[PDB]
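Colleague: Have a look at this one before I ask anything.
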6 protein chains.
Amino acid sequence: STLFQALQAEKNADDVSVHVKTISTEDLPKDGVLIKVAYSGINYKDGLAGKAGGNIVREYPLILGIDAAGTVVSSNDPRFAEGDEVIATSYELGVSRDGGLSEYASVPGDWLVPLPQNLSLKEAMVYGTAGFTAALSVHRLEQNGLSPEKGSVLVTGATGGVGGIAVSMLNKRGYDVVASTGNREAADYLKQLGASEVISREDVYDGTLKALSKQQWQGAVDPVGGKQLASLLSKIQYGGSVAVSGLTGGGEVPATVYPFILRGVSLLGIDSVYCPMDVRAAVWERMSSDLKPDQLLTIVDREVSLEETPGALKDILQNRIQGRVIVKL
Amino acid sequence: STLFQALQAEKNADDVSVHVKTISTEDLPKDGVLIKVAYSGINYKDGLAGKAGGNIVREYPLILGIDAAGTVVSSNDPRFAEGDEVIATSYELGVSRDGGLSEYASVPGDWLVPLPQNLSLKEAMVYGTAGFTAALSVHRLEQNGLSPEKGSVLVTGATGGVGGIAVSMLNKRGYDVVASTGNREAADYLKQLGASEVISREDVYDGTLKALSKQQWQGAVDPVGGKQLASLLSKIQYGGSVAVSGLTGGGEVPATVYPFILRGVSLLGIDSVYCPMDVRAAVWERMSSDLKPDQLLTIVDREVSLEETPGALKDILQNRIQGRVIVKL
Amino acid sequence: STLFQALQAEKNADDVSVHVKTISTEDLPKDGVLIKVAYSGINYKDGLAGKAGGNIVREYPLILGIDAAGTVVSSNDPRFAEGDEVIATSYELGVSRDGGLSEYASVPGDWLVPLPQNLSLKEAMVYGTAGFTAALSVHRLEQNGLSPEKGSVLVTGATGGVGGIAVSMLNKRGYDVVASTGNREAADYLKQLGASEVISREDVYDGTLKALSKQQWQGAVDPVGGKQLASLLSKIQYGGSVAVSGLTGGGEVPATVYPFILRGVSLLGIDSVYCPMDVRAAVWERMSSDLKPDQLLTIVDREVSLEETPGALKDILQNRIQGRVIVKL
Amino acid sequence: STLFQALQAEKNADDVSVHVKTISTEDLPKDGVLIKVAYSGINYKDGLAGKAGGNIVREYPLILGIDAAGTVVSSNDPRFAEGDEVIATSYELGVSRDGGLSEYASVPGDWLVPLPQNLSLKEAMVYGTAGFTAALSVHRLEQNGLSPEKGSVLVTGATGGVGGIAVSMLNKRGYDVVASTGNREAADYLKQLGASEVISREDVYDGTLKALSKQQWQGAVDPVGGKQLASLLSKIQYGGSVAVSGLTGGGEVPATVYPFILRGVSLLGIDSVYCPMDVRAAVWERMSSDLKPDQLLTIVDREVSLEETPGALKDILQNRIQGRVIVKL
Amino acid sequence: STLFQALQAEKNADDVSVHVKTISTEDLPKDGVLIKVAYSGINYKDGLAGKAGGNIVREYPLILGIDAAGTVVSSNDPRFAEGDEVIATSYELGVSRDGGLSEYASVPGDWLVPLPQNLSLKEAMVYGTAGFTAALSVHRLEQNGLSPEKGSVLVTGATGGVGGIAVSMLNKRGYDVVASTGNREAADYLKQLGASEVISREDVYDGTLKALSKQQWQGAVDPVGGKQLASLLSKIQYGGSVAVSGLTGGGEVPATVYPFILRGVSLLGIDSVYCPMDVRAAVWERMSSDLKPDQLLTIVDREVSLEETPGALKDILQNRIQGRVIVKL
Amino acid sequence: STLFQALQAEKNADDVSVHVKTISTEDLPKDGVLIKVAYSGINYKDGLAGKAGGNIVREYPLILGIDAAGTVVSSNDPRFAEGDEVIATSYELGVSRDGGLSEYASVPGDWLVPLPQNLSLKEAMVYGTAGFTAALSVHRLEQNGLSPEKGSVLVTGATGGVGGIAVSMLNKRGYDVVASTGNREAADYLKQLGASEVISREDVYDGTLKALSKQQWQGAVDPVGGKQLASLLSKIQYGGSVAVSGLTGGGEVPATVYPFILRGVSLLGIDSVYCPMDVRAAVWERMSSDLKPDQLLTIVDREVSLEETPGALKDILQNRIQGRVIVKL
């Protein structure tokens with residue numbers, strides 16, 4: 001039916017390759033809605049998909065992806081019509097099914113999110129999965145008591161994907177943001193995203209940890225897990241909460257029971273991969289209103305092309321990239 | 001200005017009093033609202049307030065408490081009138097200031113909750129902090145997605161104060177409850193409190209640990225923290241949550257980030273001590289309707305009586321109480 | 001088109017007499033929707049409309065009424081349809097426009113309420129205005145914070161039209177109701193309406209009058225008004241409310257500012273004559289559910305024919321009816 | 001420790017003094033949160049707590065106050081955290097327990113409200129009791145129908161603490177505000193604050209009482225009380241409301257039942273002292289959005305230090321203040 | 001009392017004439033509230049009223065209208081006070097009872113809506129009945145799904161009154177509007193109103209009709225309904241709706257059933273004549289905020305005077321009007 | 001893996017066959033969630049999918065289906081765990097994708113709905129699609145004004161799955177239901193399902209056609225609309241609503257615009273195939289509460305088994321099936 005470029009990862013023995021192959025429309029999962037991808041996605045999980053030892057993908061070959069945002073061309077699904085702008089993120093995409101890093105994508109109607117009126121196709125990808133994860137985290141924390149005045153809100157691993165955006169959204173909602181990173185010299189760019197304060201990894205965790213510490217924060221959007229979350233928990237304000245998104249040193253969390261039962265703190269698991277659609281559609285409205293930051297264009301490091309995509313996959317992973325990479329198809 | 005039987009704790013030497021003395025109204029702290037207690041409990045926290053330095057009471061002649069319900073006799077407080085029935089619970093009662101359990105108590109107006117309409121004073125102290133802790137637990141899990149079709153809800157430490165009632169409230173709300181205990185024998189009592197099933201402590205955790213296990217429960221009310229809690233977070237279904245309220249079974253929780261960030265589960269700290277007035281009111285309101293189980297009295301391991309107090313302040317501390325013990329006066 | 005009987009009020013020099021004549025539907029008002037009236041409406045305001053010096057009817061041949069319920073026979077306005085069961089009450093009915101002591105009445109569609117599903121036509125007029133007044137007072141009191149548990153509710157002139165139903169509506173709701181009247185045999189009649197205790201007119205005013213008194217109530221449904229309002233206002237609990245409605249008891253009310261400003265009580269005027277259609281229908285709804293008292297028919301003193309109506313229009317007024325007289329057309 | 005400068009009132013047998021005395025932390029009651037006061041406040045109630053036989057201060061050396069905004073500085077209340085910004089108002093402050101006309105105070109935790117995000121500490125006190133009372137008035141009126149289109153709203157006592165502010169709140173929401181005052185001269189000022197029309201005292205009450213006058217406001221905010229409020233009551237549109245809060249120009253209100261029963265009007269009591277935490281905190285949120293007037297600094301008569309306060313508590317009384325008097329620490 | 005001007009329609013033996021007559025307030029229906037009309041309104045249903053065989057006005061005397069907005073001059077009706085601004089529209093006005101084209105109208109207090117705060121009288125009548133019909137139409141779409149992301153919205157008959165206001169309002173909500181009218185270059189005016197796109201009659205419907213077409217829209221506001229409308233229903237996104245309010249394109253609609261049962265589209269009937277006060281007032285609120293377009297006054301063709309009203313009543317009736325003609329008085 | 005029985009449509013030659021078969025697990029679509037099916041019906045759509053030129057199934061060797069209520073036997077998708085009861089209906093099941101006339105099915109997760117707490121797998125299926133479709137018809141009517149009280153409500157085709165059910169359900173909500181059929185001598189079946197009046201099709205249409213008819217209903221659930229719906233549309237009360245859904249009756253609906261623009265009635269299309277998971281889950285919630293009629297199983301004509309299944313497939317079509325037919329598995 002029509003030929004185009006895609007970014008296809010594949011295994012020869014023990015080893016993951018990744019190159020822009022040229023592919024026909026008839027080859028795609030037939031059974032989704034046919035999308036022409038406007039924009040992009042380069043995400044940490046895509047990098048892992050692209051590399052042996054990543055533990056994301058299980059049979060190759062597979063077109064890489066996880067995030068895409070384009071226009072419906074061809075529907076068999078009455079819910080969607082030609083011309084509709086949609087976002088196709090999460091679920092199986094980019095993991096066990098053809099993904100977004102490609103002109104054209106077939107994805108199930110039941111994962112399409114109708115593009116919010118006040119985000120363009122490219123703003124939707126400046127956001128992507130990180131970004132959704134961030135917005136998701138402020139939504140969960142908000143339904144557990146968070147409000148801009150119960151005190152100051154902590155973003156760990158700011159600077160990374162999720163953290164960088166959460167900094168900005170919190171800041172558009174009017175919370176006081178404290179961002180922590182290991183990289184000095186990131187202070188300026190975190191402030192421009194909205195942080196009114198910048199602290200170190202070490203200001204959040206040092207020598208191990210106790211059950212309860214002086215109250216410092218109220219809540220945290222937390223993309224980094226491990227011993228450091230354990231710590232932070234004990235510095236969270238009464239009734240406060242924490243939203244976890246990542247591992248980044250520490251699958252283990254040696255936590256106590258104390259911040260929980262004495263200070264009423266909650267820890268909210270956040271997974272964007274299977275979030276159900278209604279909540280998904282609601283978080284996206286938000287990301288285009290309530291939570292749409294004034295920078296935003298500032299969180300983009302580079303807009304690269306489908307061609308230039310193997311190299312940018314090698315660059316997150318080797319974290320040589322501040323902010324976000326969108327791909328323009 | 002009469003005289004009455006409070007229960008008082010003294011540090012004589014270093015081994016801690018617990019004796020049914022006799023006190024003056026003028027000795028009550030003259031800044032409260034005087035209430036004539038009809039009833040009380042008998043909560044674990046009350047047991048430790050009574051032991052050999054159990055890390056609750058730090059100043060030293062003290063009337064034990066935390067739970068009381070009775071009638072205003074005298075208020076300097078525009079907001080309560082003589083004759084009002086009230087509940088007085090939490091906050092400093094029975095920890096840094098004189099407590100329930102003592103016909104006569106002088107509680108600030110701020111901590112008082114009017115007795116809701118469908119609950120008698122006996123019902124109120126049959127619930128106690130134990131039943132307000134379990135109620136706030138359900139209240140809390142409900143704000144995080146909890147719902148009875150979602151799948152069964154585990155109540156851990158069932159039998160105890162908090163678990164015993166949690167099983168009831170769960171069952172009243174129509175969920176399928178799954179109760180754990182340390183003893184065989186329980187079972188019929190748990191089945192008739194509302195359990196639709198009884199499993200042992202080892203079926204929750206003996207296995208010791210594992211990042212993710214098979215999904216078994218929509219969520220849990222867990223009054224028994226410890227390793228046991230770290231194990232159950234791994235058996236919670238997707239977007240499920242767990243409400244920790246107590247410490248039985250250990251301070252430490254060795255958790256992994258992985259049910260949080262891959263399964264979207266949440267873990268919610270439940271503290272009944274400083275919960276805000278509105279939510280306290282709201283939770284009593286539910287406790288008298290919504291969560292009011294038809295058993296109710298079933299949770300009573302007979303009523304006791306002031307003089308009779310040392311006795312139970314003793315059992316508690318060695319779970320030889322099955323459910324709860326109120327105090328008439 | 002038809003003849004029918006109505007109870008009409010005639011004046012000449014200056015007596016005003018009230019006889020059942022025979023009208024035709026052709027000399028009903030032609031603008032309104034035509035309605036076969038089923039039941040009643042004997043009210044104290046009709047007694048007044050009936051009598052020189054009543055100061056109710058402005059101008060004089062006029063069919064007495066104010067309340068009516070029946071079935072739309074012939075509508076020239078889309079909103080109502082031959083068959084529809086509907087209530088007609090207040091506004092101009094029975095005051096400056098032909099009312100419903102008549103079988104047939106021509107009312108504007110703007111003023112009919114559809115008959116609630118769980119309330120028959122007889123029940124609607126068993127309530128009437130005196131009912132709708134009482135339900136409104138409850139509705140206005142609850143918007144100002146009233147709730148079954150903030151302390152007892154007083155109903156003055158219980159036995160009256162309004163205090164009767166009000167006593168039963170509050171009790172249907174759960175509130176502890178305390179009723180006051182002038183007569184000493186009414187105790188049981190009033191228990192039997194739902195009163196929890198019964199008190200003299202003097203138990204509320206005797207004492208004549210202090211700025212602030214011992215708090216006793218929470219709030220009141222008051223159809224009596226007068227100096228006794230001024231006293232009742234000062235026995236209201238913190239933030240309680242009172243609903244006014246009548247003056248059977250005086251018009252001057254020597255209030256002082258102290259209960260309002262130091263204790264946050266409020267005085268709500270109930271007028272049903274001009275109450276907005278949206279609230280009218282909300283209250284009729286409550287009147288057919290959550291305010292519908294089990295007792296209800298036990299407030300009917302006597303059904304009467306149109307024939308016996310002059311009979312009874314002299315009987316309210318002569319204040320010799322206990323409860324409500326309903327008229328079957 | 002350290003030491004700091006309070007404005008303490010003392011009784012010299014009958015003299016009742018008030019002097020800037022130096023006390024120590026160690027002095028302040030020992031059960032609250034230690035707060036460093038930043039700002040002010042001079043209310044009329046505070047003049048009184050100064051003046052002998054003013055009838056407000058209980059027994060009699062205490063630090064005057066009633067209002068304070070400032071910083072939690074250490075706490076044994078888990079609810080608050082060194083650092084947090086808070087507002088301390090009402091309840092016993094500055095009446096039976098030390099107030100905030102002083103650097104340092106110890107308020108209990110249950111009375112503290114977290115400073116809203118879009119108010120500074122100084123803006124908190126620019127309002128004070130006066131402004132909380134204004135905004136609680138509006139909030140209760142709006143709870144009883146008031147809406148900006150249902151006609152003009154009167155505010156009596158404009159140029160006082162409460163009236164002044166209320167004008168500009170009422171205007172901030174879009175109401176058409178009619179402001180009344182005792183002295184000419186102030187029209188310009190009242191309009192800057194956002195009054196649409198300025199009338200005198202005699203325009204409200206000159207003519208002196210009648211039971212129903214010609215309809216003229218919809219509703220009022222009323223600082224003033226006595227027979228004026230009686231007059232003005234008979235001038236309120238169908239279904240409108242008046243909220244009273246002061247007793248300037250008399251504690252007695254010679255009302256009639258007739259605006260209430262015939263026009264459906266309500267009169268609501270505003271107590272600021274003990275209004276519950278709930279509404280208190282919802283009302284301060286409104287005072288930072290919704291009710292935050294663009295002027296707001298226009299109301300500030302001057303800013304004053306702790307020493308010139310003694311001057312100020314004598315001025316507040318026998319009227320001299322136009323607007324509000326802010327104390328800085 | 002007074003003499004004033006009014007565009008009255010007379011019919012003698014056979015014709016329907018229409019001119020400015022002098023009339024006196026002693027002739028205006030004696031039952032409703034008296035209003036000194038400030039404005040308008042030229043509606044199509046107005047043209048039919050003042051036209052031989054137009055078949056609206058049943059009986060001639062009458063003074064034409066359907067819309068007006070003005071200032072209460074005197075009232076017997078407690079709900080209205082000499083001075084209020086109000087809008088008076090629909091019900092029997094300009095159809096079977098004296099309407100709004102005059103100084104002076106007498107309208108039943110049950111039909112006045114008070115002017116919302118953000119609408120001047122002029123603006124209320126720029127909108128008028130046809131204006132109210134657009135808001136009401138969107139309001140009902142929005143009750144059936146319609147939301148801006150979900151696709152673009154069509155507006156037939158753009159160019160008239162209803163369609164042109166519909167186009168603005170939808171745009172101010174941020175819909176993508178597709179305005180469709182047959183007056184060909186008119187094009188840029190539809191663009192001043194907020195249309196994103198502009199198509200013609202043939203592109204809605206041409207020759208023919210098919211049960212389902214290619215999906216194109218999502219929703220339509222439809223003042224033109226007829227064969228053109230069966231055509232449009234086959235063209236609407238899954239779960240869309242159309243809000244019909246007019247013939248124009250004629251009154252038969254041969255529709256299938258497939259868009260309804262297969263595609264879940266809905267068709268909403270819009271009547272602004274008898275819509276309840278309730279919704280009416282909610283919709284005038286929207287009109288005055290939410291749905292209030294920036295280029296309101298760009299819909300005003302011309303502002304005529306009562307004199308030059310006869311010419312304009314000809315003018316609608318034949319596609320001579322681009323927008324609306326307002327009348328000033 | 002294991003193997004099992006299922007009813008399967010093949011088209012050997014050109015005739016379309018339908019026999020019970022032995023399939024294997026390994027032969028189910030392998031990305032769905034694996035449900036062991038407990039029950040199925042029986043829908044018209046299921047009659048057609050297994051009759052040539054029936055025109056539902058486009059590609060044959062399908063498992064027929066469309067409804068299924070089952071148990072997660074093990075899943076690849078983290079949002080379901082084994083033992084979860086679930087309902088699987090609509091979307092592609094049994095039109096495009098193997099359906100529930102099988103023991104065993106592999107429904108994708110996105111389409112599953114947890115079985116509600118107060119329904120049994122048997123119940124879910126007593127309901128199935130046509131049932132869901134009645135449920136959703138009520139949901140939508142209720143979204144458009146339908147309340148018990150606004151008059152009585154029709155249900156055409158009162159004998160099949162959808163209409164039979166909508167009758168029991170409407171009446172469960174308190175509506176005065178009118179049932180219409182052309183099967184005289186069924187009167188009792190209906191009244192027993194809850195019809196309060198029964199009438200012949202001829203009563204609804206017959207009379208051939210007219211634009212505005214005497215108003216008889218308020219609304220109609222119409223499962224059988226066509227030229228009769230057009231008639232019906234002319235007899236709905238002001239603001240009334242009709243819910244479509246079906247098609248015997250003809251697909252052609254030659255309507256007018258007049259019930260729509262003069263009486264403000266509405267046509268709402270009902271489609272159960274693609275309704276969002278959202279609304280769909282919440283409709284299932286009603287179906288087990290709000291709309292769960294006492295009758296229910298009174299609508300099971302008979303419980304059949306897989307074998308008997310082909311004959312049932314043949315029996316719907318010629319109306320020999322009065323209620324609904326379930327299928328044990």
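Just so we're on the same page: first chain in the structure tokens is A, next is B, and so on; residues restart at 1 for each chain, and ligands are numbered from 1 in the order they show up.
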Run DSSP on the backbone of this structure and report the residues of stretch 155-263 of chain F it assigns to helix (DSSP H, G or I), as a short mmCIF file (atom, residue, chain, number, x, y, z; two decimals) with N, CA, C and O atoms, in the first residue's frame.
Modeller:
```cif
data_model
loop_
_atom_site.label_atom_id
_atom_site.label_comp_id
_atom_site.auth_asym_id
_atom_site.auth_seq_id
_atom_site.Cartn_x
_atom_site.Cartn_y
_atom_site.Cartn_z
N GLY F 161 -35.59 -8.09 23.59
CA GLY F 161 -34.65 -8.10 24.68
C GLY F 161 -34.63 -6.71 25.24
O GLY F 161 -34.88 -6.48 26.42
N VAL F 162 -34.36 -5.78 24.35
CA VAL F 162 -34.16 -4.41 24.80
C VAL F 162 -35.40 -3.84 25.43
O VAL F 162 -35.29 -3.08 26.38
N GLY F 163 -36.55 -4.11 24.85
CA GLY F 163 -37.67 -3.30 25.29
C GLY F 163 -38.14 -3.91 26.62
O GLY F 163 -38.49 -3.19 27.58
N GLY F 164 -38.16 -5.24 26.63
CA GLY F 164 -38.59 -6.07 27.78
C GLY F 164 -37.88 -5.51 28.98
O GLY F 164 -38.53 -4.90 29.80
N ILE F 165 -36.55 -5.62 29.03
CA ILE F 165 -35.69 -5.00 30.01
C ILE F 165 -35.98 -3.53 30.31
O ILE F 165 -35.98 -3.21 31.49
N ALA F 166 -36.26 -2.66 29.34
CA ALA F 166 -36.25 -1.22 29.64
C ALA F 166 -37.48 -0.88 30.49
O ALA F 166 -37.47 0.06 31.38
N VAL F 167 -38.51 -1.72 30.24
CA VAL F 167 -39.74 -1.76 30.96
C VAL F 167 -39.31 -2.15 32.41
O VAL F 167 -39.52 -1.40 33.37
N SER F 168 -38.68 -3.26 32.63
CA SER F 168 -38.50 -3.50 34.02
C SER F 168 -37.68 -2.50 34.78
O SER F 168 -37.78 -2.39 36.02
N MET F 169 -36.92 -1.72 34.04
CA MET F 169 -35.86 -0.97 34.63
C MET F 169 -36.46 0.36 34.95
O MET F 169 -36.25 0.90 36.07
N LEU F 170 -37.17 0.93 33.96
CA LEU F 170 -37.87 2.20 34.09
C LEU F 170 -38.78 2.20 35.30
O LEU F 170 -39.13 3.20 35.94
N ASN F 171 -39.23 1.01 35.58
CA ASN F 171 -40.28 0.90 36.53
C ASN F 171 -39.61 0.73 37.86
O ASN F 171 -40.11 1.30 38.80
N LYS F 172 -38.50 -0.04 37.91
CA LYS F 172 -37.55 0.08 38.99
C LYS F 172 -37.18 1.53 39.37
O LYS F 172 -37.08 1.82 40.51
N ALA F 187 -50.14 -9.13 27.29
CA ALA F 187 -50.44 -8.05 28.19
C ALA F 187 -49.83 -8.32 29.58
O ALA F 187 -49.44 -7.43 30.30
N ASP F 188 -49.67 -9.56 29.93
CA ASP F 188 -49.54 -9.92 31.34
C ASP F 188 -48.13 -10.14 31.64
O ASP F 188 -47.69 -10.08 32.81
N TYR F 189 -47.44 -10.57 30.59
CA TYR F 189 -46.05 -10.68 30.61
C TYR F 189 -45.50 -9.28 30.91
O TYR F 189 -44.81 -9.07 31.94
N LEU F 190 -45.81 -8.33 30.02
CA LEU F 190 -45.52 -6.92 30.31
C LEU F 190 -45.88 -6.32 31.69
O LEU F 190 -44.97 -5.82 32.39
N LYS F 191 -47.15 -6.32 32.08
CA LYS F 191 -47.57 -5.82 33.40
C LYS F 191 -46.74 -6.53 34.45
O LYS F 191 -46.42 -6.00 35.46
N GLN F 192 -46.40 -7.76 34.21
CA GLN F 192 -45.61 -8.45 35.17
C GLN F 192 -44.11 -7.96 35.14
O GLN F 192 -43.39 -8.08 36.13
N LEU F 193 -43.68 -7.41 34.00
CA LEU F 193 -42.33 -6.85 33.85
C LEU F 193 -42.36 -5.46 34.36
O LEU F 193 -41.32 -4.82 34.52
N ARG F 201 -49.19 -1.34 18.72
CA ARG F 201 -48.45 -0.48 17.80
C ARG F 201 -49.35 0.56 17.14
O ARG F 201 -48.99 1.78 16.90
N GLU F 202 -50.55 0.06 16.83
CA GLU F 202 -51.52 0.89 16.10
C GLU F 202 -51.80 2.12 16.95
O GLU F 202 -51.87 3.20 16.42
N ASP F 203 -51.84 1.94 18.26
CA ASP F 203 -52.00 3.08 19.17
C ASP F 203 -50.84 4.10 18.99
O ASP F 203 -51.00 5.30 19.24
N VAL F 204 -49.65 3.64 18.57
CA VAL F 204 -48.53 4.57 18.57
C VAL F 204 -48.49 5.13 17.19
O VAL F 204 -48.43 6.32 17.03
N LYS F 227 -40.82 4.29 10.66
CA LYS F 227 -41.92 5.29 10.33
C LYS F 227 -42.80 5.51 11.64
O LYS F 227 -43.43 6.56 11.91
N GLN F 228 -42.87 4.47 12.46
CA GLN F 228 -43.52 4.54 13.74
C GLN F 228 -42.71 5.54 14.61
O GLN F 228 -43.33 6.44 15.22
N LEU F 229 -41.38 5.48 14.69
CA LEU F 229 -40.75 6.57 15.44
C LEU F 229 -41.18 7.95 14.96
O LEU F 229 -41.37 8.87 15.76
N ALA F 230 -41.37 8.16 13.68
CA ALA F 230 -41.69 9.54 13.31
C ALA F 230 -42.99 10.04 13.94
O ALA F 230 -43.21 11.26 14.13
N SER F 231 -43.90 9.08 14.18
CA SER F 231 -45.23 9.35 14.62
C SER F 231 -45.06 9.68 16.07
O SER F 231 -45.57 10.65 16.61
N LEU F 232 -44.33 8.80 16.69
CA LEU F 232 -44.01 8.82 18.10
C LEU F 232 -43.41 10.21 18.42
O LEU F 232 -43.88 10.89 19.41
N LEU F 233 -42.41 10.62 17.60
CA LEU F 233 -41.81 11.91 17.82
C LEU F 233 -42.86 13.00 17.92
O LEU F 233 -42.61 14.04 18.52
N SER F 234 -44.04 12.82 17.32
CA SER F 234 -45.01 13.89 17.34
C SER F 234 -45.87 13.82 18.58
O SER F 234 -46.69 14.67 18.82
N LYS F 235 -45.75 12.77 19.35
CA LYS F 235 -46.58 12.68 20.54
C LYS F 235 -45.81 12.80 21.94
O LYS F 235 -46.33 12.45 22.98
N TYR F 258 -40.67 20.09 13.73
CA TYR F 258 -41.62 20.69 14.65
C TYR F 258 -41.68 20.14 16.09
O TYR F 258 -41.77 21.03 17.01
N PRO F 259 -41.72 18.78 16.34
CA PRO F 259 -41.63 18.39 17.76
C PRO F 259 -40.32 18.91 18.36
O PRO F 259 -40.33 19.40 19.54
N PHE F 260 -39.25 18.93 17.52
CA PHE F 260 -37.98 19.46 17.91
C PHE F 260 -38.01 20.97 18.17
O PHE F 260 -37.76 21.39 19.24
N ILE F 261 -38.29 21.81 17.20
CA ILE F 261 -38.22 23.26 17.49
C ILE F 261 -39.41 23.99 18.22
O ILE F 261 -39.38 25.25 18.45
N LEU F 262 -40.47 23.24 18.57
CA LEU F 262 -41.67 23.91 19.10
C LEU F 262 -41.96 23.27 20.46
O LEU F 262 -42.56 23.86 21.38
N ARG F 263 -41.51 22.01 20.58
CA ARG F 263 -41.75 21.36 21.84
C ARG F 263 -40.45 20.95 22.48
O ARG F 263 -40.47 20.43 23.55
#
```
Colleague: Report, to one decimal in Å, the C-alpha RMSD of chain C against chain B after an in-order least-squares superposition over all those atoms.
Modeller: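 C-alpha RMSD, chain C fitted to chain B: 0.5 Å.
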Colleague: Please determine the contact residues of chain E with respect to chain A at a cut-off of 10 Å, counting only C-alpha atoms, and supply them as number ranges by chain.
Modeller: E: 147-152, 174-176, 214-217, 237-239, 262-263
Colleague: Please measure the separation of atom CA of residue D:44 and atom CA of residue C:209, giving the value in Å to one decimal.
Modeller: 27.8 Å
Colleague: For residue D:199, work out the shell of residues within 7 Å, counting only C-alpha atoms and skipping chain neighbours fewer than 5 positions away, then give it as a VMD selection string.
Modeller: chain D and resid 179 to 181
Colleague: Which of stretch 8-43 of chain E counts as strand (DSSP E or B) under DSSP, as a PyMOL selection string please?
Modeller: chain E and resi 8+19-24+33-39
Colleague: Do you know which residues are at most 6 Å from residue D:323 counting only C-alpha atoms, after dropping those on the same chain fewer than 3 positions away, and could you put them as a compact mmCIF listing (two decimals) with N, CA and C atoms, in the first residue's frame?
Modeller:
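Writing done, so here's part16.txt:
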```
# COMPACT_ATOMS: atom_id res chain seq x y z
N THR D 159 -15.43 52.93 55.43
CA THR D 159 -14.47 53.77 56.41
C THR D 159 -14.19 53.24 57.81
N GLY D 160 -15.05 52.43 58.43
CA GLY D 160 -14.52 51.55 59.50
C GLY D 160 -13.62 50.39 58.97
N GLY D 161 -13.03 49.63 59.91
CA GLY D 161 -12.39 48.41 59.58
C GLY D 161 -13.19 47.60 58.60
N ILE D 299 -6.55 50.56 52.03
CA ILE D 299 -7.40 50.69 53.17
C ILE D 299 -6.55 51.06 54.34
N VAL D 300 -5.23 51.26 54.09
CA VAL D 300 -4.29 51.12 55.21
C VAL D 300 -4.10 52.46 55.60
N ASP D 301 -4.65 52.79 56.76
CA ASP D 301 -4.48 54.16 57.26
C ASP D 301 -3.03 54.61 57.66
```
Colleague: Atom CA of residue C:112 to atom CA of residue C:56: how many Å, to one decimal?
Modeller: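 Computed distance, atom CA of residue C:112 to atom CA of residue C:56, equals 22.0 Å.
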Colleague: Which value, in Å to one decimal, gives the distance between atom CA of residue A:206 and atom CA of residue D:75?
Modeller: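 One can read the atom CA of residue A:206 to atom CA of residue D:75 distance as 25.1 Å.
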Colleague: Excluding residue D:76 and any residue of its chain fewer than 6 positions from it, enumerate the residues within 9 Å of it, using only C-alpha atoms, and give them as a list in words.
Modeller: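 My reading of the contact set: residues 31, 32 and 33 of chain D.
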Colleague: Can you tell me, as number ranges by chain, what residues are no more than 12 Å from stretch 307-312 of chain D when counting only C-alpha atoms, ignoring any on the same chain fewer than 2 positions away?
Modeller: D: 5-9, 17-22, 40-44, 46-51, 64-65, 100-103, 301-305, 314-321, 324-329
